[PDB]
Amino acid sequence: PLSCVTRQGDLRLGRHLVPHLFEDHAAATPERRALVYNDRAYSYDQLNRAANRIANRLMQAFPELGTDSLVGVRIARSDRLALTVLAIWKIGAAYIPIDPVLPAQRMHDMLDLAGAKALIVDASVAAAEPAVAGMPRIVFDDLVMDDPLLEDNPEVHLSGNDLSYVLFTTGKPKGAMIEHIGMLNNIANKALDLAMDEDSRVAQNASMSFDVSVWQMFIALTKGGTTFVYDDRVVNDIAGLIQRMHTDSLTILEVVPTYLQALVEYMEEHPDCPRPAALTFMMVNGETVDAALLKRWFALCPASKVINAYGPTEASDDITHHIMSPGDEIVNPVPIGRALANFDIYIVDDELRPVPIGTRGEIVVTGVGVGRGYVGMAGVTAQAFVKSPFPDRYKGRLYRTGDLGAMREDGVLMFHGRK
């Protein structure tokens, strides 16, 4: 057999994109708690009303913004960031996260490559830093001001093929273009594999420069649950984050292996302290995890399952999940797992021919989450985004990951480094 797994079409995604799923919950259960950021708690209705004020004032300021318009957002992770992104999406546009800690010349490159139409900052950034001629800048604090006349949903038409965000990753940065439907597919797969419901409590702990911060911020809002934003000050204090996850009764947490190690070490060294005993799932991603660390995690959090997650920013976050339970035979190397639904994955030679099961080759992927390429970089886009030679039910896109891997007889994928 050849190294092919096909899941295109496996998962119906429903009628509504991410912002609209949030709107559905705000209408159905306005008073449920939607988002917590330190001392600030928003109900669904409060979050929606504030996002709508922002959205409507953005359309007043920039009447031409809409489909595939790109808006930079230089706001630190917070309720303010979530609100601003939601507002941008509601008016049909897409955003670029530009962490305030990034230097200005990085911001310039990001906005120029993307052809961004405007930049939204908050008051602290505006006070620290000048606006740049040619790049309209507007301030969160003004956009979100009270006005009961500006609180209805914009009801701009959104299409799944429209951009939702451009995420940049030594050369000039490369801005991967992700569409609403790919973003939704990643969220839909995760909501199923993390057994989410309206009681889910999801950590938003990753840096906004990493694409995983997107599903972390919004997945709970598509399910009626709660996002807990854990900013850099909180995540940098391991003891404090653990105590927060305990007191928040957090259920879902994603980390990279070195941070997982810090959490595990702390709990082992402090067995007296409260633990994140409500966690149902810990997801690990970003770098290779080892079996012994996973087993140490399972000893500390026996009520949890773990998902090893892999995939490129270019395909809307992950393309495989490896779900593990405490009783499982967990050995090195840890698999990167099973294809997400609505993707096909192949291990191929340099000519894109699938190789026999067990042979190493390049991981390449087709399906609903393969994005558009790199904004303003047609050439580097052409190096990795090519027409699929395989059957396709979407837009015919293939992405070459530049990663080596191999496929097991059961279709489980293994990661073997960079090609």
# chains A, B, ... in the order shown; residues from 1 in each chain; ligands from 1
$ residues_around --residues "residue 190 (chain A)" --least-positions-apart "3" --cutoff "10 Å" --atoms "only C-alpha atoms" --output "PyMOL selection string"
chain A and resi 184-187+193-196+215+219+307+318+321+340
$ write_last_selection --atoms "N, CA, C and O atoms" --output "PDB file, in the first residue's frame"
ATOM      1  N   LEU A 184     -12.376  27.471  10.633  1.00  0.00           N
ATOM      2  CA  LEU A 184     -13.502  26.742  11.179  1.00  0.00           C
ATOM      3  C   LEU A 184     -13.217  25.248  11.232  1.00  0.00           C
ATOM      4  O   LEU A 184     -13.556  24.593  12.213  1.00  0.00           O
ATOM      5  N   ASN A 185     -12.615  24.687  10.184  1.00  0.00           N
ATOM      6  CA  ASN A 185     -12.358  23.249  10.175  1.00  0.00           C
ATOM      7  C   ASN A 185     -11.418  22.837  11.299  1.00  0.00           C
ATOM      8  O   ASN A 185     -11.589  21.774  11.916  1.00  0.00           O
ATOM      9  N   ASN A 186     -10.395  23.648  11.560  1.00  0.00           N
ATOM     10  CA  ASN A 186      -9.504  23.328  12.670  1.00  0.00           C
ATOM     11  C   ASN A 186     -10.279  23.335  13.984  1.00  0.00           C
ATOM     12  O   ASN A 186     -10.151  22.413  14.809  1.00  0.00           O
ATOM     13  N   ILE A 187     -11.105  24.368  14.180  1.00  0.00           N
ATOM     14  CA  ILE A 187     -11.934  24.464  15.385  1.00  0.00           C
ATOM     15  C   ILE A 187     -12.923  23.304  15.485  1.00  0.00           C
ATOM     16  O   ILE A 187     -13.154  22.768  16.568  1.00  0.00           O
ATOM     17  N   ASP A 193     -12.578  16.456  19.077  1.00  0.00           N
ATOM     18  CA  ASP A 193     -11.546  15.636  19.700  1.00  0.00           C
ATOM     19  C   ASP A 193     -11.275  16.036  21.136  1.00  0.00           C
ATOM     20  O   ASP A 193     -10.828  15.188  21.918  1.00  0.00           O
ATOM     21  N   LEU A 194     -11.561  17.281  21.511  1.00  0.00           N
ATOM     22  CA  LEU A 194     -11.476  17.713  22.900  1.00  0.00           C
ATOM     23  C   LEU A 194     -12.794  17.559  23.656  1.00  0.00           C
ATOM     24  O   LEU A 194     -12.903  18.047  24.787  1.00  0.00           O
ATOM     25  N   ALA A 195     -13.788  16.903  23.060  1.00  0.00           N
ATOM     26  CA  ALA A 195     -15.069  16.631  23.712  1.00  0.00           C
ATOM     27  C   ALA A 195     -15.671  17.892  24.323  1.00  0.00           C
ATOM     28  O   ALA A 195     -16.174  17.888  25.453  1.00  0.00           O
ATOM     29  N   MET A 196     -15.656  18.976  23.554  1.00  0.00           N
ATOM     30  CA  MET A 196     -16.103  20.251  24.086  1.00  0.00           C
ATOM     31  C   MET A 196     -17.614  20.344  24.184  1.00  0.00           C
ATOM     32  O   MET A 196     -18.362  19.710  23.431  1.00  0.00           O
ATOM     33  N   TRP A 215      -7.336  29.645  17.604  1.00  0.00           N
ATOM     34  CA  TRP A 215      -8.354  28.704  18.096  1.00  0.00           C
ATOM     35  C   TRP A 215      -8.471  28.790  19.617  1.00  0.00           C
ATOM     36  O   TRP A 215      -9.568  28.728  20.172  1.00  0.00           O
ATOM     37  N   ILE A 219     -12.361  29.216  20.265  1.00  0.00           N
ATOM     38  CA  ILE A 219     -13.100  27.959  20.161  1.00  0.00           C
ATOM     39  C   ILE A 219     -14.225  27.903  21.200  1.00  0.00           C
ATOM     40  O   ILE A 219     -15.341  27.468  20.892  1.00  0.00           O
ATOM     41  N   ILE A 307      -3.408  15.240  23.673  1.00  0.00           N
ATOM     42  CA  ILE A 307      -3.360  15.224  22.213  1.00  0.00           C
ATOM     43  C   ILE A 307      -2.022  15.801  21.782  1.00  0.00           C
ATOM     44  O   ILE A 307      -1.711  16.955  22.095  1.00  0.00           O
ATOM     45  N   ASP A 318      -3.486  22.752  12.675  1.00  0.00           N
ATOM     46  CA  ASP A 318      -3.059  21.361  12.701  1.00  0.00           C
ATOM     47  C   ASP A 318      -3.625  20.582  11.527  1.00  0.00           C
ATOM     48  O   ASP A 318      -4.716  20.878  11.022  1.00  0.00           O
ATOM     49  N   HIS A 321      -3.872  14.968  14.737  1.00  0.00           N
ATOM     50  CA  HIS A 321      -4.019  14.861  16.189  1.00  0.00           C
ATOM     51  C   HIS A 321      -3.696  13.426  16.598  1.00  0.00           C
ATOM     52  O   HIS A 321      -4.216  12.483  15.992  1.00  0.00           O
ATOM     53  N   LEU A 340      -6.591  15.180  10.507  1.00  0.00           N
ATOM     54  CA  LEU A 340      -7.848  15.853  10.784  1.00  0.00           C
ATOM     55  C   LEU A 340      -8.834  15.574   9.659  1.00  0.00           C
ATOM     56  O   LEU A 340      -8.459  15.393   8.499  1.00  0.00           O
TER      57      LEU A 340
END
$ residues_around --residues "residue 342 (chain A)" --least-positions-apart "5" --cutoff "10 Å" --atoms "only C-alpha atoms" --output "PyMOL selection string"
chain A and resi 6-13+182+185-186+189+319+366-369+393-394
$ write_last_selection --atoms "C-alpha atoms" --output "compact mmCIF listing (two decimals), in the first residue's frame"
# COMPACT_ATOMS: atom_id res chain seq x y z
CA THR A 6 -7.99 10.60 2.63
CA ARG A 7 -10.45 12.44 4.88
CA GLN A 8 -11.65 15.14 2.48
CA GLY A 9 -15.39 15.51 3.02
CA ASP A 10 -15.44 13.50 6.25
CA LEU A 11 -16.84 16.23 8.55
CA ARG A 12 -19.80 18.47 7.89
CA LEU A 13 -18.93 21.95 9.12
CA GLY A 182 -9.95 26.49 7.19
CA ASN A 185 -12.36 23.25 10.17
CA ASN A 186 -9.50 23.33 12.67
CA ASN A 189 -12.03 18.99 14.58
CA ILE A 319 -3.37 18.58 10.18
CA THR A 366 -4.55 18.78 0.60
CA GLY A 367 -8.03 19.71 1.78
CA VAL A 368 -10.24 22.41 3.18
CA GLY A 369 -7.66 23.99 5.50
CA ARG A 393 -13.22 18.39 -3.64
CA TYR A 394 -12.17 21.88 -2.56
$ closest_residue --among "A:198, A:155, A:179, A:122" --to "residue 33 (chain A)" --atoms "only C-alpha atoms"
A:198
$ select_by_dssp --residues "region 91-149 of chain A" --states "strand (DSSP E or B)" --output "mmCIF file with N, CA and C atoms, in the first residue's frame"
data_model
loop_
_atom_site.group_PDB
_atom_site.id
_atom_site.type_symbol
_atom_site.label_atom_id
_atom_site.label_comp_id
_atom_site.auth_asym_id
_atom_site.auth_seq_id
_atom_site.Cartn_x
_atom_site.Cartn_y
_atom_site.Cartn_z
ATOM 1 N N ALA A 94 -10.202 40.809 7.676
ATOM 2 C CA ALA A 94 -9.267 39.855 8.246
ATOM 3 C C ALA A 94 -8.214 40.636 9.015
ATOM 4 N N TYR A 95 -7.546 39.974 9.959
ATOM 5 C CA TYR A 95 -6.554 40.685 10.759
ATOM 6 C C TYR A 95 -5.168 40.064 10.679
ATOM 7 N N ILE A 96 -4.196 40.879 11.072
ATOM 8 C CA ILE A 96 -2.804 40.493 11.252
ATOM 9 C C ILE A 96 -2.458 40.754 12.714
ATOM 10 N N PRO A 97 -2.116 39.741 13.507
ATOM 11 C CA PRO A 97 -1.638 40.023 14.875
ATOM 12 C C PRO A 97 -0.234 40.603 14.843
ATOM 13 N N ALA A 118 -5.358 49.447 7.453
ATOM 14 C CA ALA A 118 -5.413 50.222 8.687
ATOM 15 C C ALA A 118 -4.759 49.407 9.790
ATOM 16 N N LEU A 119 -4.480 50.089 10.900
ATOM 17 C CA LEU A 119 -3.871 49.518 12.094
ATOM 18 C C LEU A 119 -4.695 49.920 13.302
ATOM 19 N N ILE A 120 -5.054 48.943 14.131
ATOM 20 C CA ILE A 120 -5.736 49.192 15.396
ATOM 21 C C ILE A 120 -4.753 48.907 16.526
ATOM 22 N N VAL A 121 -4.595 49.879 17.421
ATOM 23 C CA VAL A 121 -3.757 49.760 18.606
ATOM 24 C C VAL A 121 -4.634 50.066 19.814
ATOM 25 N N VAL A 132 2.261 56.146 11.629
ATOM 26 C CA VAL A 132 3.142 56.267 10.472
ATOM 27 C C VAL A 132 2.330 56.797 9.301
ATOM 28 N N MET A 135 -0.305 54.890 6.879
ATOM 29 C CA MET A 135 -0.939 53.765 7.560
ATOM 30 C C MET A 135 -1.924 54.321 8.577
ATOM 31 N N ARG A 137 -4.146 54.745 11.578
ATOM 32 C CA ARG A 137 -4.139 54.088 12.876
ATOM 33 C C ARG A 137 -5.321 54.596 13.684
ATOM 34 N N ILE A 138 -5.962 53.695 14.423
ATOM 35 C CA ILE A 138 -7.128 54.023 15.231
ATOM 36 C C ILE A 138 -7.006 53.220 16.518
ATOM 37 N N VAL A 139 -7.699 53.675 17.563
ATOM 38 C CA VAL A 139 -7.414 53.222 18.923
ATOM 39 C C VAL A 139 -8.613 52.488 19.503
#
$ closest_residue --among "A:413, A:375, A:54, A:242" --to "residue 346 (chain A)" --atoms "only C-alpha atoms"
A:413
$ atom_distance --atom1 "CA of residue 279 (chain A)" --atom2 "CA of residue 202 (chain A)"
9.5 Å
$ atom_distance --atom1 "CA of residue 374 (chain A)" --atom2 "CA of residue 396 (chain A)"
17.0 Å
$ residues_around --residues "residue 338 (chain A)" --least-positions-apart "2" --cutoff "10 Å" --atoms "only C-alpha atoms" --output "CSV table (one decimal) with C-alpha atoms, in the first residue's frame"
chain,number,residue,atom,x,y,z
A,5,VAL,CA,-4.9,8.9,4.0
A,7,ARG,CA,-10.4,12.4,4.9
A,309,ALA,CA,-0.9,18.0,17.6
A,310,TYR,CA,1.0,18.8,14.4
A,319,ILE,CA,-3.4,18.6,10.2
A,320,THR,CA,-2.9,15.7,12.6
A,321,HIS,CA,-4.0,14.9,16.2
A,322,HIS,CA,-2.6,11.9,18.2
A,323,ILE,CA,-5.0,11.2,21.1
A,335,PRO,CA,3.3,9.7,16.7
A,336,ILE,CA,1.9,12.9,15.3
A,340,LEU,CA,-7.8,15.9,10.8
A,341,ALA,CA,-11.1,15.5,9.0
A,345,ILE,CA,-2.2,13.6,3.8
A,407,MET,CA,3.0,6.7,7.5
A,410,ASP,CA,-3.0,2.1,10.2
A,411,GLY,CA,-2.5,5.5,8.7
A,412,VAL,CA,-1.0,7.0,11.8
A,413,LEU,CA,1.7,9.6,10.9
A,414,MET,CA,5.2,9.8,12.3
$ closest_residue --among "A:365, A:55, A:86, A:176" --to "residue 22 (chain A)" --atoms "only C-alpha atoms"
A:86
$ atom_distance --atom1 "CA of residue 343 (chain A)" --atom2 "CA of residue 4 (chain A)"
10.9 Å
$ select_by_dssp --residues "region 162-396 of chain A" --states "helix (DSSP H, G or I)" --output "ChimeraX atom specification"
/A:180-193,212-218,220-222,232-235,238-247,257-269,291-300,313-315,378-384
$ residues_around --residues "residue 248 (chain A)" --least-positions-apart "5" --cutoff "12 Å" --atoms "only C-alpha atoms" --output "list in words"
residues 35, 36, 37, 38, 199, 200, 201, 202, 203, 226, 227, 228, 229, 230, 240, 241, 242, 243, 274, 275, 276, 277, 278 and 279 of chain A
$ closest_residue --among "A:164, A:153, A:48, A:69" --to "residue 316 (chain A)" --atoms "only C-alpha atoms"
A:164
$ residues_around --residues "region 385-390 of chain A" --least-positions-apart "4" --cutoff "10 Å" --atoms "only C-alpha atoms" --output "list in words"
residues 314, 344, 346, 352, 353, 364, 365, 366, 367, 370, 371, 372, 373, 374, 378, 379, 380, 381, 395, 396, 397, 398, 399, 400 and 401 of chain A
$ write_last_selection --atoms "N, CA and C atoms" --output "PDB file, in the first residue's frame"
ATOM      1  N   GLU A 314       0.310  27.304   7.536  1.00  0.00           N
ATOM      2  CA  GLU A 314      -0.208  27.399   6.184  1.00  0.00           C
ATOM      3  C   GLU A 314      -1.464  26.583   5.945  1.00  0.00           C
ATOM      4  N   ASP A 344      -6.542  15.433   3.207  1.00  0.00           N
ATOM      5  CA  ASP A 344      -5.848  14.227   2.767  1.00  0.00           C
ATOM      6  C   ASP A 344      -4.367  14.454   3.030  1.00  0.00           C
ATOM      7  N   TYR A 346      -0.357  12.812   2.475  1.00  0.00           N
ATOM      8  CA  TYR A 346       0.472  11.880   1.730  1.00  0.00           C
ATOM      9  C   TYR A 346       1.918  12.043   2.181  1.00  0.00           C
ATOM     10  N   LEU A 352       6.232  14.316  -5.812  1.00  0.00           N
ATOM     11  CA  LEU A 352       4.883  14.221  -5.268  1.00  0.00           C
ATOM     12  C   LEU A 352       4.252  12.849  -5.485  1.00  0.00           C
ATOM     13  N   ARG A 353       5.061  11.806  -5.760  1.00  0.00           N
ATOM     14  CA  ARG A 353       4.507  10.455  -5.855  1.00  0.00           C
ATOM     15  C   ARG A 353       4.442   9.815  -4.470  1.00  0.00           C
ATOM     16  N   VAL A 364       2.926  16.007   2.758  1.00  0.00           N
ATOM     17  CA  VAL A 364       2.198  17.002   1.989  1.00  0.00           C
ATOM     18  C   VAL A 364       0.714  16.806   2.264  1.00  0.00           C
ATOM     19  N   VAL A 365      -0.046  17.874   2.079  1.00  0.00           N
ATOM     20  CA  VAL A 365      -1.427  17.885   2.539  1.00  0.00           C
ATOM     21  C   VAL A 365      -2.302  18.620   1.539  1.00  0.00           C
ATOM     22  N   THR A 366      -3.505  18.100   1.352  1.00  0.00           N
ATOM     23  CA  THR A 366      -4.547  18.778   0.599  1.00  0.00           C
ATOM     24  C   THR A 366      -5.784  18.848   1.481  1.00  0.00           C
ATOM     25  N   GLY A 367      -6.747  19.697   1.092  1.00  0.00           N
ATOM     26  CA  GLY A 367      -8.028  19.712   1.777  1.00  0.00           C
ATOM     27  C   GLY A 367      -8.461  21.100   2.211  1.00  0.00           C
ATOM     28  N   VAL A 370      -6.042  24.025   3.648  1.00  0.00           N
ATOM     29  CA  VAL A 370      -4.862  24.570   2.980  1.00  0.00           C
ATOM     30  C   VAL A 370      -5.197  25.992   2.554  1.00  0.00           C
ATOM     31  N   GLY A 371      -4.428  26.956   3.066  1.00  0.00           N
ATOM     32  CA  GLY A 371      -4.651  28.366   2.822  1.00  0.00           C
ATOM     33  C   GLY A 371      -4.156  28.838   1.464  1.00  0.00           C
ATOM     34  N   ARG A 372      -4.081  30.167   1.334  1.00  0.00           N
ATOM     35  CA  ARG A 372      -3.819  30.786   0.039  1.00  0.00           C
ATOM     36  C   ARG A 372      -2.353  30.944  -0.310  1.00  0.00           C
ATOM     37  N   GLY A 373      -1.474  30.979   0.671  1.00  0.00           N
ATOM     38  CA  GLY A 373      -0.075  31.220   0.410  1.00  0.00           C
ATOM     39  C   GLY A 373       0.416  32.362   1.266  1.00  0.00           C
ATOM     40  N   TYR A 374       1.476  33.021   0.810  1.00  0.00           N
ATOM     41  CA  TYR A 374       2.122  34.077   1.576  1.00  0.00           C
ATOM     42  C   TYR A 374       1.806  35.414   0.940  1.00  0.00           C
ATOM     43  N   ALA A 378       4.605  36.053  -4.186  1.00  0.00           N
ATOM     44  CA  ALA A 378       4.170  35.067  -5.170  1.00  0.00           C
ATOM     45  C   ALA A 378       5.209  33.970  -5.362  1.00  0.00           C
ATOM     46  N   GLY A 379       6.496  34.325  -5.334  1.00  0.00           N
ATOM     47  CA  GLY A 379       7.530  33.340  -5.613  1.00  0.00           C
ATOM     48  C   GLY A 379       7.678  32.304  -4.513  1.00  0.00           C
ATOM     49  N   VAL A 380       7.808  32.761  -3.264  1.00  0.00           N
ATOM     50  CA  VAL A 380       7.956  31.783  -2.197  1.00  0.00           C
ATOM     51  C   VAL A 380       6.667  30.996  -2.045  1.00  0.00           C
ATOM     52  N   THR A 381       5.513  31.627  -2.314  1.00  0.00           N
ATOM     53  CA  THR A 381       4.260  30.877  -2.350  1.00  0.00           C
ATOM     54  C   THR A 381       4.347  29.735  -3.354  1.00  0.00           C
ATOM     55  N   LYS A 395     -10.450  23.367  -3.469  1.00  0.00           N
ATOM     56  CA  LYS A 395      -9.924  24.342  -4.414  1.00  0.00           C
ATOM     57  C   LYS A 395      -8.655  23.846  -5.096  1.00  0.00           C
ATOM     58  N   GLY A 396      -8.361  22.553  -4.994  1.00  0.00           N
ATOM     59  CA  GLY A 396      -7.247  21.960  -5.697  1.00  0.00           C
ATOM     60  C   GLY A 396      -5.883  22.288  -5.148  1.00  0.00           C
ATOM     61  N   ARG A 397      -5.809  22.788  -3.921  1.00  0.00           N
ATOM     62  CA  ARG A 397      -4.548  23.214  -3.338  1.00  0.00           C
ATOM     63  C   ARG A 397      -3.781  22.073  -2.685  1.00  0.00           C
ATOM     64  N   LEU A 398      -2.466  22.074  -2.876  1.00  0.00           N
ATOM     65  CA  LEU A 398      -1.566  21.209  -2.125  1.00  0.00           C
ATOM     66  C   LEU A 398      -0.514  22.075  -1.446  1.00  0.00           C
ATOM     67  N   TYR A 399      -0.168  21.718  -0.208  1.00  0.00           N
ATOM     68  CA  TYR A 399       0.920  22.358   0.520  1.00  0.00           C
ATOM     69  C   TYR A 399       2.015  21.342   0.817  1.00  0.00           C
ATOM     70  N   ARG A 400       3.251  21.683   0.445  1.00  0.00           N
ATOM     71  CA  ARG A 400       4.435  20.904   0.796  1.00  0.00           C
ATOM     72  C   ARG A 400       4.995  21.439   2.107  1.00  0.00           C
ATOM     73  N   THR A 401       5.028  20.593   3.145  1.00  0.00           N
ATOM     74  CA  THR A 401       5.393  21.065   4.477  1.00  0.00           C
ATOM     75  C   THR A 401       6.884  21.334   4.627  1.00  0.00           C
TER      76      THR A 401
END
$ residues_around --residues "residue 124 (chain A)" --least-positions-apart "3" --cutoff "12 Å" --atoms "only C-alpha atoms" --output "list in words"
residues 74, 75, 76, 80, 100, 101, 120, 121, 127, 128, 129, 130, 139, 140 and 141 of chain A
